[PDB]
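>>> below you'll find the sequence and an experimental structure to go with it.
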Amino acid sequence: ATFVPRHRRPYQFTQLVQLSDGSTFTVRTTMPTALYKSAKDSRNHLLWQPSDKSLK
Amino acid sequence: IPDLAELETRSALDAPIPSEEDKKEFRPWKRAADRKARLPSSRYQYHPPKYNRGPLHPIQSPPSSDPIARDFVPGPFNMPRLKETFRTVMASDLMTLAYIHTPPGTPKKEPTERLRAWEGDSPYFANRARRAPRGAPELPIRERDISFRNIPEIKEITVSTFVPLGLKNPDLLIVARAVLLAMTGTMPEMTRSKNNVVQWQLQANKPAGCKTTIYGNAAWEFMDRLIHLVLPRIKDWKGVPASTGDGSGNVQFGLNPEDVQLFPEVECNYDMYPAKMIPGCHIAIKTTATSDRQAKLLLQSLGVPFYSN
Amino acid sequence: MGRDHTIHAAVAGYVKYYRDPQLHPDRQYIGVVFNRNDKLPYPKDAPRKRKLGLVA
Amino acid sequence: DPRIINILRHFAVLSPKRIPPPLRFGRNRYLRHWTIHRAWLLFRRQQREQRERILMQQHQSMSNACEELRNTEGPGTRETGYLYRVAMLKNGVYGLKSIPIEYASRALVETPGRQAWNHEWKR
Amino acid sequence: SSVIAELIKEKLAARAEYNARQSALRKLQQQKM
Amino acid sequence: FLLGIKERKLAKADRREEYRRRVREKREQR
Amino acid sequence: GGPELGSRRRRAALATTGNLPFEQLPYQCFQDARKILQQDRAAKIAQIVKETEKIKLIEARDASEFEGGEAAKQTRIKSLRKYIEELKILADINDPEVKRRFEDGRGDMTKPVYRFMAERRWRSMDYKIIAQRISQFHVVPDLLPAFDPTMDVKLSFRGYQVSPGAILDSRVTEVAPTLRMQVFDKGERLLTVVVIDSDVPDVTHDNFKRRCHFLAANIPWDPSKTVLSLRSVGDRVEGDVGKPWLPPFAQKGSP
Amino acid sequence: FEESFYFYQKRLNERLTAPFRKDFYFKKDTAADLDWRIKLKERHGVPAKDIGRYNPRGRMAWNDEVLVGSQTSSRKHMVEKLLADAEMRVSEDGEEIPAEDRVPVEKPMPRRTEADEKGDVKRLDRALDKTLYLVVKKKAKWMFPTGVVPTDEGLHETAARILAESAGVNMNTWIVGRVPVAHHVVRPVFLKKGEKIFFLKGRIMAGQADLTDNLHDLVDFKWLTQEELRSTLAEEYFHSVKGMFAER
RNA sequence: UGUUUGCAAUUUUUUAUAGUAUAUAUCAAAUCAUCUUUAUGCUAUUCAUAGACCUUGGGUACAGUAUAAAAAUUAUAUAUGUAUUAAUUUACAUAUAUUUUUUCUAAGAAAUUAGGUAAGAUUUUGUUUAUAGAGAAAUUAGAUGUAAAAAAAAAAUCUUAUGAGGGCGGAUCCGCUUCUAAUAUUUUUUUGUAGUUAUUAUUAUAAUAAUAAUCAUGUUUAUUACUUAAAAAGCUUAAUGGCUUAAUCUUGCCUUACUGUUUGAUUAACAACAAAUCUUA
Ligand SMILES: NC(=O)c1ccc[n+]([C@@H]2O[C@H](COP(=O)([O-])OP(=O)(O)OC[C@H]3O[C@@H](n4cnc5c(N)ncnc54)[C@H](O)[C@@H]3O)[C@@H](O)[C@H]2O)c1
Ligand SMILES: [K+]
Ligand SMILES: [K+]
Ligand SMILES: [Mg+2]
Ligand SMILES: [Mg+2]
Ligand SMILES: [Mg+2]
Ligand SMILES: [Mg+2]
Ligand SMILES: [Mg+2]
């Protein structure tokens, strides 16, 4: 008699993530916050933007 | 046409879209209140079994896609931006980057039998057991070429934490299980030690960690947070080692405890976890790729830097 | 087959040692046929050969 | 200890006995979801057949160009099949610097940034 | 609930009838035993 | 049980209405 | 509000709610999902007319043109015909009322769609248990060398449905049973029913012989017929009874 | 349908996900807790901001579907709510900020830029949701930057050199490989010499094309989509490069 | 009124009606603890009502962009101010235990339980690749390939048949026997190898030819079937043999690890007998 397991998932919200360039996209997360402003991200990093001179 | 005659004449899919006068009179909340009674129940009262008792057992379980099932998971809630990116821009770039032209009428390649047979005139040969895999003990999977019918992709991700000190302070495991819960959004499964080492105080068959696996979109959304919000914030980070890869298309690397608390899900409530109890995790990205160079090429397309190692 | 793997006769007949590649590719079996001139394994499409074993 | 109890209370809410039960739809309600589920998987099929159509068309464009290129002789004295044999080389394709990180890092967004495009970029 | 009350009364009567038959037969078994 | 809570609540509502009525009349006489 | 309208919930929901077809219920996702299937059914119907006219061109084509002759022309119309039959089923497999009609037993079995779901339902459960009875009871190879059922047959004695391979009493099985058959392919055909007892003991020669307890032929059957009472095989329904029903029995002692 | 489907599945999740424990994210009697409780009260208890008002439990949990023409499931109404819930409603001391003294959060940028309105075909921020192609005019037929292949260089080395000549070096670009993605063959006129053009795919990440002092006799340039190309380019030249196109 | 509230949807049975056995409804059981107050409370607004900003209150709201019109409603003891009574009666509020709603301290975080039966899973060991802390030695993720539109037809070689109750000697007994059927075999004689999507070529959007892809009406975490040497792991304990299609493992329900008598064997157990072992009714 194989047991039929049920999914135990926490509560998930829809979140707006604003990157350091002003770009915004929607995601699915467990945190209750509505907007996540990211000051430091890939758009503001030298390892991802080697050609940018402001970040040099 | 006789073919069109065999179709259902009373087609509900060819009906007109509802009107407004009826839509203004359709108030499911007003029906309940006005009725002032409980509508009789239907005689169809089949509920999924809690145990699958066999193919021929009278009561059967429905497929997972049935909303009334016990394992039904609500469908997609949004389109991961890294899945639409890869499919829209990078799917063809990999196809164009790694493309070898096959002449028009090239004969099909016959795959060689890797478990060789003993063939010859010697009488003993006939019934000899097949030879062992030449070289390694286990056969390694053969690499498939990146064509329009095989484009590497992300399939699942397994995050795991090994906390040996949880055998002395049981509070380190409870905290680890909650971090992997908020980081991934699933209920981790506790794991147990397997070896006995007195020097490290490791005892076998005792819960010393947990793990989570996320599939589908949740795997793409977990990479977006990692590549673009977490990794850029690690201090003095060099990149994923160039040695990662199990030889089958899976990439693995680990995060420090001070880098696991950079996750947006862990930092918001960082004050709810005891001090110095946030663990580090091992991240094993499983891809549809079939090689180590195909996997590292796939990750490079998602914006993951590698460094010599 | 007995508890100690001893093979026993269930019917009166003649012992036969044979191999059935249809049932299992690498097993050898021991059967009991009612007629001495029968050959095992019986073709999978031939009717079962059985004896009444009753008295009126 | 009080902080740990909050952790345990979170798992207690996820316990199999506590989580909500399986849904219980009526006929019309069930049928309505059946069409939504039937239409979604059909929509995925259309997106799949289209997504795969473009990949085949693009691949057939290369095969037509490479097959033609394989027959061309040139430039000038160069023997037949030079440019084809040179185009099929995979030098640096599977290295570390294969794909520029500036291109791959950028991913699609729902709305653009303050500066959608940078036209002042200088080498 | 005008006509629905008639149906509910039909639903209540059917159950009340069985509850009576079940009790009218449970007593009989307690006499045979 | 639910209807019980309802009846007990409706019964208490009548007591509250009776109290509000009785006290209201007494205030005017004063 | 009588029993002819359905169950109590229907008769109740049919007097407390408004009159509006199910497909016209104003629900966002249900009406957006019904529009995707609408313009798709039109694309399938537009494909049946493109393949229907494509056969005429091949039909009115000299066999000499085809490098393979009449052999390559009939194998190309064969794939085209089978591709059209699949399109006729894919044009209503998403219909919500076709599923309701078939589940309610009010489905027209003269259409390919309903015969497709009825067969898909039979194979889901009833086929699996009957495929097991043929094997475990050694009906094969005793009676037939190999046998794969293609239709449903449910027999009931005096109204009571008997499960396959159930030991019935000698009094119950004294009258001809009623066969609740169901065929899943189109057209009308003649059926032959045969009841055979495979374990009649022959003590003189120490073996088992087979005895026919019923035999009939020339029984017309279409996918819209369900019940067949073996009692009136020549009186009401057309057929030729070779041997009337013989009450099954078994002498004491034999298996 | 995709917006309606998301909203549908988002509500079925409300009926199957474990409840939300505010005690795991907000400490009781803090500025964050008081803020959550005020906004939660306006949402009528629903901790989610994108599913309207729906109670997974109770007597009215069956009424989960939304009716036709509902603004609730739209992406515009979703963002509006997600942005009206990010504004701090409680001061750092625990007192509700007046309605008029509340600072709204900076809203996202519009999807259609000024170039989309102006219709400037020389801008790269136009049609942000579609692929743009660099089409060049030669002193005249519109085309892609091409050039004769010398004996020393190959196809990929030749394409890179021509691009910097025709378009300048002020653009960050990647040649996706060495394989040509399309070809256009002009048969010879028996005479005139035929032309076998082999196109390589390139991707631009930053910069702008510069036609000043270009070696080839180029006059103008414009970044066009896949629909505008067929109106500008010739029928035989377009039919040979349309296979390389993408969905958007 | 158990079962989700918009409508005959699972299996069998009970009863009733029409009907002559069927058909519909109904009932019960199996499968599943879905949570159910139609508002009595809350919210906003307004109005009296103290007057230096108070209690209690009366209205108002018209609900698909659903709504104030339930995001989760209990009881009881003490005692306090307002306030009421024949009364610690009643209403209000807060002081605070106490209980109910199982809804808030992870057993789906713990235990190597070994037999009967049913279902499901089928290399688990070692080796090897990679992987924060992590090292010779800690955890986790991996490690074969193929197939899934659909074939038809001609003869021949055996072998089988409770097939033609075949023919002939002595229906079903037997060695000879032709014919048919089934599986197998032939390197055998072959024929066909589409349709669909797209490409290219010619032809006047369609037709034709070639090339490539193609299990897919299905919640891609696809699925299903087959395949993946040997040793090793596991199977109460050494060794040998065996099992991987179960004798291993997991789960459900169980305790035939039953009473009496008895069959045929171990080429007549141990080269006798006895204590034994397997097995049948
Ligand atoms: N699954 C099938 O029925 C099927 C049929 C033929 C081929 N395939 C093969 O499947 C592979 C590719 O996967 P796929 O096409 O089956 O699935 P998919 O990639 O389209 O879907 C995978 C996941 O993405 C989600 N998703 C898809 N579209 C979405 C959207 N618009 N918005 C939000 N979420 C969305 C899906 O619901 C699922 O969670 C290929 O090899 C293809 O040939 C699958
Ligand atoms: K899709
Ligand atoms: K067991
Ligand atoms: Mg092996
Ligand atoms: Mg191992
Ligand atoms: Mg190490
Ligand atoms: Mg055992
Ligand atoms: Mg002896």
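Great, that's in hand. Numbering: from 1, shown residues only, chains lettered A, B, ... in the order given. Ligands and ions are numbered 1, 2, ... in the order given.
>>> host element of the closest residue to chain D within chain C?
With Cβ to the nearest Cβ, the shortest gap between chain C and chain D falls at residue C:25, namely 40.7 Å. In this view, the C-beta of every residue, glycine as well, is placed from N, C-alpha and C. Under the assignment given by DSSP states H and E, residue C:25 is not contained in any helix or strand.
>>> same question for residue G:156.
Counting by DSSP H and E, residue G:156 is found in strand G:152-157.
>>> near chain B at all, that strand?
No: for a cut-off given as Cβ under 8 Å from any Cβ of the partner chain, strand G:152-157 has no contacts with chain B; the smallest distance is 15.3 Å.
>>> run me through the strand neighbours of the helix or strand that comes right after that strand, direction for each.
Proceeding N to C from strand G:152-157, the next assigned helix or strand is strand G:160-161, under DSSP H and E. Here strand G:160-161 is paired, per DSSP bridges, with strand G:152-157 (antiparallel).
>>> then the partner strand to PDB, C-alphas only?
Extracted in PDB, the C-alpha atoms of strand G:152-157 (Å, rounded to 0.1, in the frame of the first residue of the first chain):
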ATOM      1  CA  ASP G 152     -16.800  -5.100 -23.300                       C
ATOM      2  CA  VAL G 153     -19.100  -7.900 -22.100                       C
ATOM      3  CA  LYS G 154     -20.900  -7.800 -18.800                       C
ATOM      4  CA  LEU G 155     -23.200 -10.700 -18.000                       C
ATOM      5  CA  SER G 156     -25.900 -10.400 -15.300                       C
ATOM      6  CA  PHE G 157     -28.100 -13.300 -14.000                       C
END
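>>> can you list contacts of it?
G:122, G:126, G:161-162, G:168, G:172-173, G:175, G:177-182, G:184 (Cβ atoms under 8 Å, 6 or more residues apart in numbering or on different chains).
>>> of those, closest to residue B:174?
Ranked by distance to residue B:174 (Cβ to Cβ), the contacts of strand G:152-157 are led by residue G:126 at 51.2 Å.
>>> count of residues packed around the closest one?
16 (other Cβ atoms under 10 Å in any protein chain shown).
>>> helices of chain E, start to end?
Applying DSSP state H to chain E gives helices spanning E:2-32.
>>> just to revisit the earlier point, and the strand holding residue G:156, how far out from the chain's middle?
13 Å (Cα atoms, centre = their mean, to the nearest Å).
>>> buried set for that strand?
If you call a residue buried by 16 or more other Cβ atoms under 10 Å in any protein chain shown, then strand G:152-157 has these buried ones: G:152, G:154, G:157.
>>> which one of those is nearest RNA strand I?
residue G:154 (7.2 Å; Cβ to the nearest atom of the strand).
>>> surely residue H:197 meets residue H:181?
No: judged on Cβ atoms under 8 Å, residue H:197 makes no contact with residue H:181 at a distance of 11.7 Å.
>>> show me the strands in chain A, by range?
All strands of chain A, identified by DSSP state E, fall at A:2-3, A:13-18, A:24-29, A:35-37.
>>> just to revisit the earlier point, residue H:197 and residue H:181: which is more packed in?
Counted by other Cβ under 10 Å, residue H:197 and residue H:181 do not tie: residue H:181 has more neighbours, with 25 against 19.
>>> residue contacts, residue 12?
By default, I'm working from chain A. A:28-30, B:77, B:185, H:13, H:17.
>>> wrong one, I was asking about chain D
Contacts of residue D:12 (Cβ under 8 Å, 6+ apart): residue D:18.
>>> which parts of the helix or strand where it lies are buried?
Assigned by DSSP H and E, residue D:12 belongs to helix D:2-13. Neighbour counts over helix D:2-13 (16+ other Cβ under 10 Å) mark D:4, D:6-7, D:10-11, D:13 as buried.
>>> now swap in stretch G:19-38 and tell me
G:23-34, G:36-38.
>>> now check it, is it near chain D?
Yes: Stretch G:19-38 reaches chain D (Cβ under 8 Å from any Cβ) through G:22, G:25, G:27, G:29-30, G:32-34, G:36-37.
>>> tally of neighbours for residue C:9?
Neighbour tally, residue C:9, other Cβ under 10 Å: 11.
>>> so it: helix, strand or coil?
coil (DSSP: H, G, I helix; E, B strand; the rest coil).
>>> please identify the deepest-packed of the strands of chain A.
strand A:13-18 (a mean of 22; mean count of other Cβ atoms under 10 Å in any protein chain shown).
>>> in JSON lines: the buried residues of helix D:2-13, plus distance to ligand 1.
Shown next, in JSON lines, are the buried residues of helix D:2-13 (distance: Cβ to the nearest ligand atom, whole Å):
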{"residue": "D:4", "distance to ligand 1": "36"}
{"residue": "D:6", "distance to ligand 1": "33"}
{"residue": "D:7", "distance to ligand 1": "30"}
{"residue": "D:10", "distance to ligand 1": "27"}
{"residue": "D:11", "distance to ligand 1": "27"}
{"residue": "D:13", "distance to ligand 1": "26"}
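>>> make a markdown table out of those residues and add distance to chain G.
Putting the buried residues of helix D:2-13 into a markdown table (distance: Cβ to the nearest Cβ, whole Å) gives the following:
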| residue | distance to chain G |
| --- | --- |
| D:4 | 43 |
| D:6 | 38 |
| D:7 | 38 |
| D:10 | 32 |
| D:11 | 34 |
| D:13 | 29 |
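>>> most widely separated two among those residues?
So, those by Cβ to Cβ: farthest apart are D:4 and D:13, at 15.4 Å.
>>> can you list the strands of chain A in JSON lines and add distance to chain B?
Shown next, in JSON lines, are those (distance: least, Cβ to the nearest Cβ, whole Å):
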{"stretch": "strand A:2-3", "distance to chain B": "4"}
{"stretch": "strand A:13-18", "distance to chain B": "7"}
{"stretch": "strand A:24-29", "distance to chain B": "5"}
{"stretch": "strand A:35-37", "distance to chain B": "6"}
